[PDB]
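Coordinates in review
The lines below spell out each chain.
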Amino acid sequence: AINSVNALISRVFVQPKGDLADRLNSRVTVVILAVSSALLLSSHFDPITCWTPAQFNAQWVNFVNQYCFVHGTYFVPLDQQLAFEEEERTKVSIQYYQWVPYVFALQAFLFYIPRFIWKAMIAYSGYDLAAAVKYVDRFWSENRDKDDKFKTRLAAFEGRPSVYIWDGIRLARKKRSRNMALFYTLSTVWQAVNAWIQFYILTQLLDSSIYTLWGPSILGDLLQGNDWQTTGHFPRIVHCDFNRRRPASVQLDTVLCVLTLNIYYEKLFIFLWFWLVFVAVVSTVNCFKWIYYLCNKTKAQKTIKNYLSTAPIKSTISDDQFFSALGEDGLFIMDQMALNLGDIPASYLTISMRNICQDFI
Amino acid sequence: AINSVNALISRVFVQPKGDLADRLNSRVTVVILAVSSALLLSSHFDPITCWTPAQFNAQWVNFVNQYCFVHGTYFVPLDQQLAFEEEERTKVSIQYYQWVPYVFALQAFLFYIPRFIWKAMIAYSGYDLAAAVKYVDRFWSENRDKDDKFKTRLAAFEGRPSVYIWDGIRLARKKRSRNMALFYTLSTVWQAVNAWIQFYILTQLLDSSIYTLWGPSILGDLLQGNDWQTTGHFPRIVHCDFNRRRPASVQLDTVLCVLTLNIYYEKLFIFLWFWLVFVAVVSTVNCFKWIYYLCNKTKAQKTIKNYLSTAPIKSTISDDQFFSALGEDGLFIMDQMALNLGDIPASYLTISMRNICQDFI
Amino acid sequence: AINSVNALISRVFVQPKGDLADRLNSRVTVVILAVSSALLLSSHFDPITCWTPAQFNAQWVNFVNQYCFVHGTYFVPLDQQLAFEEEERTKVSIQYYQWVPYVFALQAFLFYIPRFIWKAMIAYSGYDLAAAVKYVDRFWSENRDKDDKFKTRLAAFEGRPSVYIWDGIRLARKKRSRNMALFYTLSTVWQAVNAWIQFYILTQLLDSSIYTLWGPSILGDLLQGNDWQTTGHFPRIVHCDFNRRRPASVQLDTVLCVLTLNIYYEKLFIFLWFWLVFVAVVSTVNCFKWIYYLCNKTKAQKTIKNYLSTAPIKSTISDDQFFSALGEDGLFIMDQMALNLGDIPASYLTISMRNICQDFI
Amino acid sequence: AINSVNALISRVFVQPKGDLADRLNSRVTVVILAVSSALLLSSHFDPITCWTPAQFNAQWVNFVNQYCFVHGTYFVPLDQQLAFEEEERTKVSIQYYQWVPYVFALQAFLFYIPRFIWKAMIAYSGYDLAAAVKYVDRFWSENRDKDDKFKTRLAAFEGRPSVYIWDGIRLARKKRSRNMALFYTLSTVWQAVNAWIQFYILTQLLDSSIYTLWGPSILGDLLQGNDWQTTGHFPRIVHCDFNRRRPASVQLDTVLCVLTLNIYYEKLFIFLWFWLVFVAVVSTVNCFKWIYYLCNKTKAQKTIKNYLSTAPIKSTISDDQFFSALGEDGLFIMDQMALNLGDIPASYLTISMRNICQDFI
Amino acid sequence: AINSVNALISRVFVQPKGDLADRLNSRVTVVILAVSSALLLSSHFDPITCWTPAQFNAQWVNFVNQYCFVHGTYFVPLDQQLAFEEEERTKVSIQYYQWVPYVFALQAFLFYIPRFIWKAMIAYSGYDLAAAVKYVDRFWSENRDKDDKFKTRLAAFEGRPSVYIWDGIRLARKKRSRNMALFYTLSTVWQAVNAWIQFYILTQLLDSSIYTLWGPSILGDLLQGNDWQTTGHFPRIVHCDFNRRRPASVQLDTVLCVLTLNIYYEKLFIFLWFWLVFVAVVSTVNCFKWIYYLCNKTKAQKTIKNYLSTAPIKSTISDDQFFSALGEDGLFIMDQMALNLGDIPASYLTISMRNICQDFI
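Analysis parameters
- Residues numbered from 1 in each chain as written, not as in the entry; some residues may be left out.
- Chains lettered and ligands numbered in written order.
- Part of a larger assembly, values for the part shown.
- Heavy atoms only, no water.
- Residues with missing side-chain atoms left out of burial classes, pairs and counts.
- Helix = DSSP H or I, 4+ residues; strand = E, 2+ residues; numbered from the N terminus.
- Rg over C-alpha atoms; globule rule 2.2 N^0.38 Å.
- Contact = heavy atoms within 4.5 Å.
- Buried area = accessible area lost by both parts, 1.4 Å probe.
- Salt bridge = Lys/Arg side-chain N within 4 Å of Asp/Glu carboxyl O.
- Axes fitted to C-alpha atoms, helices over the stretch in contact; angles between N-to-C directions.
- Parallel < 35°, antiparallel > 145°, perpendicular 65-115°, else oblique.
- Left-handed = near helix turned anticlockwise from the far one by under 90°.
- Nonpolar A, V, L, I, M, F, W, Y, C, P; charged D, E, K, R; others polar.
- Domains from an automatic or database assignment.
- Pairing = 2+ DSSP bridges.
- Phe/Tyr/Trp six-rings, centres within 6.5 Å; stacked < 30°, edge-to-face > 60°.
- Buried < 20%, exposed > 50% of the residue type's maximum accessible area, 1.4 Å probe, protein only.
- Polar contact = N/O pair within 3.5 Å; in protein donor to acceptor, adjacent residues only side chain to side chain.
- Expected span 1.5 Å × (residues − 1).
- Disulfide = S-S within 2.5 Å.

As summarised from the PDB record, the model derives from cryo-EM at a stated resolution of 3.3 Å.

Okay, here's the thing in structure tokens:
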């Protein structure tokens, strides 16, 4: 059959509204890992097929099938005979079927957490950016078109939106926010550390006792033409111990089982390793951006002092004390308005807020 | 069954808005290679069928089927007997089933990257073309029809849109853009090099040790009537080594397996080679266009100096110093407006911007 | 099952807007050949059934089925025995299964190319007919109904649309178009040559070594009652060589296989030959029309000089010098407006353009 | 399963707009024959079942099934033994499975051609009736309701629609139409001859060597209770020659096969013969109508001279010379307006055109 | 499975607009007989099952199944032995499977014809009732609600609708209609005779040689408890002659086949006989209504002379000569307006037409 779900993918992939730069790789990460996880445990609707001997009546084949899938499997390159005891034969032991498809779902969830941390944390800070942005937005969606306001366009932002934002600041500033920028940079630290932990989980996945995977080694093998049977690891043909019961208890034998899933798993561990290390390095530089921002803060004002330089007629109020009134809170939320509404609609907003800021400072 | 997906193909094939010339062969390339890849690994919902001997009970047939698919296969033209050892029989060894259907998906993704590079890079440059184009666009969609503005049509562009664009330039020009044209031509260099690398991946695909494919050789064979068995390569009937286990370990035999997929794969490697070399040569000339543009830049102004020659009443301001004010940034974004909105609506815009450009120069 | 796709057929069959006369046989050709191709390789969801002898266990039947389909088949009229060697038996050898269903898809694509050549070429010429036609169109869709403009109807075309068209000509005429008519007639030459090449591909299809098909011979046989077995070619019952492997290598035998597809293929090669030769002869006369047009050009003006003869009040400007101003470019685009908008709405447009043409000549 | 397609049947059955009287039996003919054809080759999703002897293993049953379907079948009434040789047994030979379901599709197409001839031919004539009719139509759809125009209703047709039609005549009359009526009557001759040829194809279908079908003979048999086995023709139980291969080559035997399709085919050849002869005789009288019309032409004016007799106030212009101005072209297009818009809305149009016709004559 | 089609049943069952009294039993008749016919030949997706003896291998069971269905079957009450020869055993011979399900479809079509006769015939008469009724209808749908016209309500019908109808009469009366009432009563004669012929076809169906069916006999048996086996006719268990072929030719035997369809067929021949005789007697009285109408015609005016008796203020014009002007044509179309629009909206129309009728008489 075929399964194509457009809508549910569009829910996370689209619906929640933000343009946040490359923080939307949480949005797409959840989709990739969620779809891969839900696809693998779907078993491509036979995971494993086996050689079980002549006289089994085919209700046992459908048994030794699972009993090989559930109980572990192992591998030996072939011609070593079987070795002996339980050890030298079981030395290389490949069962990651138990982990991978579920631990991916867990991965995806742990990529979704940081957004939740940011929503709950901004609701803790007291000043909600979602409402403000969606407001000044549609203010800019209405009268951008209307020709009645252009020569007035500057004075239009003065009354209606700028009093809304500048009014929200008065309420928030009395409740648990001069700090909301700091809360944001903690959110992005959590983003980075989360990414690296996920990557490390990919590495330590499979089993650390038998190697570990990271891409340029595997591609540095395949592209040398080492396949599997001559590389000594990661096989597609696995022997399977097997146990009946009689008054002689164990009665174990070895039945080799061709193994399909191992053709997918290491075709997508070459991709998904590159893509997770990419999400890691693009998420970790975004963090140092904001520690730099939070630290220097004298060059955090370059964008605002830049917008105030266009400033038709440049009326009166001085520069510094405007930052004295706006400094802790608004200096951030402006860096948010520029990121969503665009650039030019923000400059009008921050040049209007300079005119009406008196009573507060 | 039948799978027909119109919508998801229309998402990439349509939804993101641009007319960029023959840069939309990334758009269609992703569709061709993505659909081919997703179709091949669908196995036309039997990849390979085999001759396995008389006494197997049909749970082994369904085994030696995979065990032949997963483990490699090879080919010998027939009547050579089997030769001997492991080598002369395995000399020509055909397994590209492992690579092709997945490496196509990887291809498609690597065709989608350059668009991403251009979006992220224009967001780095500071001046967003998407917003501007979509703005002056619907400005031209509203009052193109309205009869109240025609004798005023020139003066209409003066106030409303031209102040928007010409205002965006003031903001961008202070932040990391005189260069956005250079960023664009780097994007197109990446486009070309990406295309040629993809083509080279097609060539080196299959296995370089046993020939390599490029079209006029294969068609230069088929159209001479060489099929396969007499051309010595690329078969549809492949022998398959096979291994049981007993106290005598290997016990290998040879079971020839009719092989269906090889009827598709080299029907679409004749097409897809031509089509990739075409995308290559149409993408590589588009690049030299922009290096020429970026270099000479005295003949990059021919279109603007051309629009200013229609110029009703040709009021006052001289020619050169207009380019002195507009030169680095706007000279590009105009070449973008002409490409999307059409030609005639752009000439009005660039003849209006000449009138209101004073304060900035 | 049943597959009925209305929408995707309506996309090519309808969506792209033009009335171009019998150039829409590219539009319908792509549909016929694409649907036939996609239907044939669907195998009418058994291509071939065979007689394979008594003791095969039905996993071999499902093998010799393909091994007969993939490896070639041949035919002998029956009672000749088998002849001998490999030659006299294989003299008539029927395998076109490999070619036909795919080479049809290739056909369809090569019918779609010329439209692409025309779009890209008109975008090279500098003056876009699509925008202009869709503009003066909906200008004629709005105020055709409105009763306020009829006595003014002539003066209505004067201001709004005619300045748009006549303004586009000023821009184009400075960039790489006096020639757009020539580009068009090259497009139609490509149309004709493309058609004849496709037809010739039908002929040389099957195999030229064993006859070739063209309709009045086949119908000139069937309607004489020659079927197949007595006509010596084109059978529905084909013998199939077959090869096992043992220490005696070849072990070939002959197993006759009833062959279904051959009932479809030559029911639609009687139709599709007629229909391609029709598309050829209707496409090739359309070409000589435009070479005649491009050559004489004194009788290319008959339609315009005809429209200017209705001409209420026939004000002032002389005849010839109007053509001197309009000659190279507009004389074409008018022959385009007449073809899409209809006839009477074009006459108003070309009688209005005579009034406002002064400044340009 | 069940297949019900409403929309595609509604496309031809409805969408193209015309009321043309009983020329819409092309519209419905295409539907009947197309649906019958597509239903028969669907095989009622077993065409033929057979008696094949005891020891065949059921992969041969599924062979001799087709090999009987593809290779011909014959019939003998039973108890004649088998006769002998190849002739007396094969005398009556029933295979129309090869022809019927496809030749119906061909039929349907050849019913659709004449409409195409009429569209292309009217586009050759220069004056498009589709646009005019759809125009004066919605002119009559708008202000039929509006109460502001009734006492003015006559004067309403004077300005807006009548100048449109009467203006189109000026353009057409200069290009290849005084004749469009003649083109129409050639179209209807083609209609009639096409119908009779189709009917004759039904007759000569099956095989002329063994009888031929026309209804009152078959019903004149069935309703006498002659079924098949006693009527000597048209059986439901057919013997089937069959050929193996051994060192004795032919080895033919006779295996009688119950035959289902023959229960449908002559249930719908009783219907479809009546219905085609009806379409023939209703289409052939429609033709003599228009040859009469084209010939006498003094009584072709009875409808117009009839409309001019209601004529409130009957102002001035004489009768004959109005026909002198309108005679060749408009006299037809009026007989078209009466057929689509109805009758009363046409009389207003032709009584208005009498008032404004001066300048043209 | 399940098949439920609402829309296609609603097309005939609803879409064509008329209230014609009990002439809509053609509308519902077509649905009943069409659905029954299409359901029966669907075989309730096994028509007949049979006892065929021990040693048949189940590819013969699936043969003797059809060979019993196609070739006839017969019946004997049981214990008579088999009798002898071919006659006494085959005396009662039940095969109506061949006829019934198709002859029902033919029935339905022959119920649909009379509507077609009426549409074509009214289009022959020259005055189209469909347009008029649908016009004065929506005239009554608009201003019935509007409160501005009530005291004016009488004068409202005077200008707008009544001039439309009374104007159509002037055109029609000059072309082939004083007679349209006569055409209508011929249509209803055809309706009645058609109904009785259909009923007689039900009777003579099955086979007249073995009884015939009409309801009160069958129910007069079942409700006496005569079932089948003791009533001597109409069985559910039928013996089936059967023929192999050997050098002894016939080799016929008798294999009794349980027969399911016979449980449906005479459950719905009890219903459908009553329902057809009802449609007959309700359709035949509707006919004598109109012969009475057409004949006396002095009491055909009772409804109009009745409406003119309400007549506010009863202005001037006498009674009889109004009928002299309206007599042949309008006297009918009024009896049509009363049947569709209702009664009270018609009285206003016929009291308005009395006021404005002067010029015509």
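What follows continues from the structure just given.
**Structural notes on the overall build of chain A**
Within chain A, the regular secondary structure consists of 13 helices and 5 strands. Here the C-alpha radius of gyration of chain A, 30 Å, is well above what a compact globule of 361 residues would show, namely 21 Å. Taken over the C-alpha atoms alone, chain A extends approximately 100 × 40 × 40 Å along its principal axes.

**A closer look at the interface of chain B and chain A**
On the chain A side, the residues contacting the 35 residues of chain B number 40 residues. Together chain B and chain A conceal approximately 3,700 Å² of surface at their shared face, both sides included; 60% is due to carbon and sulfur atoms. Looking at the side of chain B facing chain A, the largest losses of area belong to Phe63(B), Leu171(B) and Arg245(B), adding up to 19% of the total buried there. There are 3 salt bridges connecting chain B and chain A. Of the charged contacts, one joins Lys175(B) and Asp343(A) as a salt bridge, the two residues approaching to 3.5 Å between their closest N and O atoms.

**Brief notes about the packing of helix α5 (residues 129-142) of chain E against helix α6 (residues 153-173) of chain E**
All names here are of chain E. With their axes 10 Å apart at the nearest point, α5 and α6 run at an angle of 165° to one another. With respect to each other, α5 and α6 are oriented roughly antiparallel. Considering only the axes of α5 and α6, their crossing is right-handed. Here α5 contributes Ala131, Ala132, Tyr135, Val136, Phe139 and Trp140 to the contact with α6, which in turn contributes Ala156, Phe157, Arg160, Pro161, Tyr164 and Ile165. Split into classes, the residues belonging to the contact of α5 with α6 amount to 11 nonpolar, no polar and 1 charged.

**Remarks on the domain arrangement of chain A**
Under the domain assignment, chain A is made up of domain 1 (1-45 + 95-126 + 176-236 + 260-300), domain 2 (46-94 + 237-259) and domain 3 (127-175 + 301-361). The C-alpha centroid of domain 3 of chain A is placed 71 Å from the C-alpha centroid of domain 2 of chain A.

**Looking at the sheet that holds strand β5 (residues 257-259) of chain D**
Reading across the sheet, the 3 strands line up as β1-β5-β2 (chain D) and stay open at both edges, with antiparallel pairing between neighbours. Looking at strand neighbours, the two that pair on one side only are β1 (48-50) and β2 (237-238) of chain D, the edges of this open sheet. Pairing geometry for β1(D) and β5(D), over 3 bridges, is antiparallel. Opposite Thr49(D), over in β5(D), you have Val258(D) as the bridge partner. The sheet contacts of helix α3 (residues 61-70) of chain E involve β1, β2 and β5 of chain D, and relative to β5(D) the element is tilted by about 50°.

**Regarding the packing of aromatic side chains**
All told, the structure shown has 145 aromatic pairs over all chains when counted by the stated rule. Where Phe104(B) meets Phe269(B), the ring centres are 6.0 Å apart and the plane angle is 80°; that geometry is what we call edge-to-face. Here the residue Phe104(B) occupies a position in helix α4 (residues 100-125), and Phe269(B) occupies one in helix α9 (residues 262-296), the gap between them amounting to 165 residues. No difference in accessibility class separates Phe104(B) from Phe269(B), as the two residues are buried. Ring plane angle 85° and centroid distance 6.1 Å describe the contact between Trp51(C) and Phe56(D), whose orientation is recorded as edge-to-face.

**Structural notes on the arrangement of the chains**
In this view chain A stays clear of chain E, with the nearest C-alpha atoms of the two still 20 Å from each other. Kept free of each other, chain B and chain E leave a smallest C-alpha distance of 19 Å between them.

**With respect to the interface of chain E and chain D**
Every contact between the two is made by 34 residues of chain E and, on the other side, 40 residues of chain D. Both faces considered, chain E and chain D share a buried interface measuring about 3,600 Å² in area, 60% of it formed by carbon and sulfur atoms. A per-residue breakdown of the area chain E buries against chain D is headed by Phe63(E), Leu171(E) and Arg245(E), which together make up 19% of the total. For the pair chain E and chain D, the number of links is 3 salt bridges. In this structure, the salt-bridge partner of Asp145(D) is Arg138(E), at a minimum N-O distance of 3.7 Å. Taken together, chain E and chain D are joined by 9 residue pairs in polar contact. Elements with a minimum of two residues in the side of chain E that touches chain D: α3, α5, α6 and β3 (241-243) of chain E. Here the side of chain E that touches chain D takes 7 residues from α6(E), the largest share from any one element. By residue class, the composition of the side of chain E that touches chain D is 15 nonpolar, 10 polar and 9 charged.

**Quick notes on the pattern of salt bridges**
Inspection of the entire model under this criterion finds 37 salt bridges over all chains. Of the charged contacts in the structure, one is a salt bridge between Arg89(B) and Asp241(B), with a shortest N-O distance of 3.8 Å. With a gap of 152 residues between them, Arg89(B) in the loop between α3 (61-70) and α4 and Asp241(B) in strand β3 (residues 241-243) connect regions that are remote in the sequence. Residue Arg89(B) is classed as buried on the basis of its relative accessible area, which comes to 13%. Here the salt bridges do not stand alone but share partners, grouping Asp145(A), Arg138(B) and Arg160(B) into one network.

**Here we look at the sheet that holds strand β1 (residues 48-50) of chain E**
All names here are of chain E. Read from one edge of the open sheet, 3 strands run β1-β5-β2, paired in antiparallel fashion. Because the sheet does not close on itself, it has two edges, and the strands there are β1 and β2 (237-238). Sheet topology places β2 next to strand β5 (residues 257-259); 2 bridges connect them, and they run antiparallel. Residue pairing in the sheet places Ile237 in a bridge with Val258 of β5.

**Points about helix α7 (residues 180-204) of chain B**
The end-to-end C-alpha distance of α7(B) is 36 Å, a good match for the 36 Å that 25 residues give at a rise of 1.5 Å each. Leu206(B) lies just past α7(B) and shows a positive phi near 65°.

**A short note on the state of the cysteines**
All names here are of chain E. In this structure the tally under the stated criterion is 10 disulfides over all chains. One disulfide in the model links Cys50 with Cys257; its S-S distance is 2.0 Å. Torsion about the S-S bond of the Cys50 and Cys257 cystine: about -75°, corresponding to left-handed handedness. Of this pair, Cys50 sits in strand β1 while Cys257 is found in strand β5, placing the two residues 207 residues apart along the sequence. For the residue pair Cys50 and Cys257, the accessibility class agrees, reading buried in each case.

**Points about the side chain of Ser125(E)**
All names here are of chain E. Turning to its location among the elements, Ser125 is positioned in helix α4 (residues 100-125). By relative accessible area, which is 1% here, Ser125 ends up buried. Here the side chain of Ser125 touches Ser177 through a polar contact of 3.4 Å, side chain to side chain. Those residues in contact with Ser125 that sit more than four places away from it in its chain are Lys175, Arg176, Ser177 and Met180.

**Considerations on the environment of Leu182(D)**
All names here are of chain D. Here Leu182 shows up in helix α7 (residues 180-204). A relative accessible area of 37% means that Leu182 is categorised as partly exposed. Separated by 171 residues in sequence, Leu182 and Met353 have C-alpha atoms that sit 23 Å apart.

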